[PDB]
C-alpha cells in the first residue's frame, strides 16, 4: 500500500523486493493520485534510491511500453543520451550511426526538438522506427508515443519542477532496449546507481559524468566513467588529453534553442572544426567503445573509435546519413 511504502521511505529504509515495482505500476495504471505520485517521487529521491529499486521502476515502465516488432532491433544497437548537452549527444548519435553502428534513441520535447528543427520525423510508431533503423541506420522512439501511461507521472514532475529519481529513468526505459550505449549522468552520486541498473541487465555501457558537471564526456577537464561490461562495474578517471584533445571552455560546449542546435549540427557535420566537433568525436567514440564491449582492449578500442568517428564526419557519411534520415520521413 501507499501508506506502507511511503512510510518505509520516510523512515529512510530501502524498500522490500517488489515494492518499488508495485508503486510504479500503480502510477502507470492511473491508480495513483497526484499527491501520491509526488510523495513517492520526493521520498524515493531523499531516501537515496538503490540500483534494485530503480531497476524495478524502469522494469515496470518497459513492461507497459510499446515494444518494437520481434527481430527489428539489431543485437548490437546502441543508445547515446544523457539524464540532463542535447546538441552533443544528438550529433554523436548521427556520427555513430554513420560509422555503421545501429543507433536507437529515445526522448521527449523540452533533444527531439533539435531533430525536428533538422526536419526529422521524431514521432513514429514501432513499425516505422524499425524501418528507420534498418533503412537509415538510426531510429528515434518518441517517449509520449511509447509510454502513454506515464503521462500522469509526467504532469506531476513538471508541477514540482525539481529533479527526482524519475530523472534517471529515460536512459533506462528505451523501448527498443538497446544492449549498449554511452549514457550521461549529471548527478555523480546517482551515476553509479544507473551503472548498477545497466550491469543487472548485462548491458555494455559507459556511464559518464564530466568532472565539470556535464552529462557527457567533456573536453574542459577529466571525466568519471563507470564502465559496465560482463555484468560488472569498473570506475575510471578519463582524460581526453591522452588522445591529443586540447582543453576547451565550458561556455563553448553549451546549447541553445532548437534552431541554434540545428545550426551547430549542420556546422559540425559540415566539417567545422573546434571544441564542439571534438566533444562530438569524443562521445561518438565512447559509444563505439561501448558497442565493442558487447562482443569482447580499452586504449586500442578508443583509438579505433576515434578514427571511425572522425572519418564518419570527414567523409561526409554523417551529413549524408542525416539527409537520408530526413528523406526517410518524407517517403
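Positions refer to the first chain, counted from 1.
Asker: Counting only residues that lack coordinates, how big is the gap in the deposited sequence between residue 254 and residue 255? Pick none, 1 to 3, 4 to 9 or 10 or more.
Answerer: Gap size class: none, per the record.
Asker: Between residue 296 and residue 297, determine how many residues of the deposited chain lack coordinates; answer none if the chain runs continuously, otherwise 1 to 3, 4 to 9, or 10 or more.
Answerer: Per the deposited record, the segment joining residue 296 and residue 297 lacks coordinates for 1 to 3 residues.
Asker: Looking only at CA atoms, which has the higher mean B factor in the entry: 53-61 or 26-34?
Answerer: The stretch with the larger mean CA B-factor is 26-34.
Asker: With reference to the PDB entry, specify whether the mean Cα temperature factor is higher for 244-252 or for 150-158.
Answerer: In the deposited entry, the stretch with the higher C-alpha B-factor mean is 244-252.
Asker: Of the options 258, 169, 182, 91, which has the highest CA B factor as deposited?
Answerer: Highest C-alpha B-factor among the listed options: 258.
Asker: Choose from 200, 205, 186, 176 the residue with the greatest Cα B-factor as stated in the PDB record.
Answerer: Within the set 200, 205, 186, 176, 186 shows the top C-alpha B-factor.
Asker: Among the modelled residues of this chain, does the Cα B factor of residue 286 put it in the lowest, middle or highest third?
Answerer: Ranked within chain, residue 286 CA B lands in the lowest tercile.
Asker: Ranking the modelled residues of this chain by C-alpha B-factor as given in the entry, is residue 132 in the lowest, middle or highest third?
Answerer: Residue 132: CA B-factor falls in the middle third of its chain.
Asker: Comparing against every modelled residue in the chain, figure out the third that the C-alpha B-factor of residue 46 lands in (lowest, middle or highest).
Answerer: Its C-alpha B-factor, which the entry lists for residue 46, ranks in the lowest third among residues of this chain.
Asker: Considering only modelled residues of the same chain, in which third does the CA B-factor of residue 117 rank: lowest, middle or highest?
Answerer: Ranked within chain, residue 117 CA B lands in the middle tercile.
Asker: Based on the deposited C-alpha B factors for this chain, I'd like to know if residue 100 is in the lowest, middle or highest third.
Answerer: For residue 100, the deposited C-alpha B-factor lands in the lowest third.
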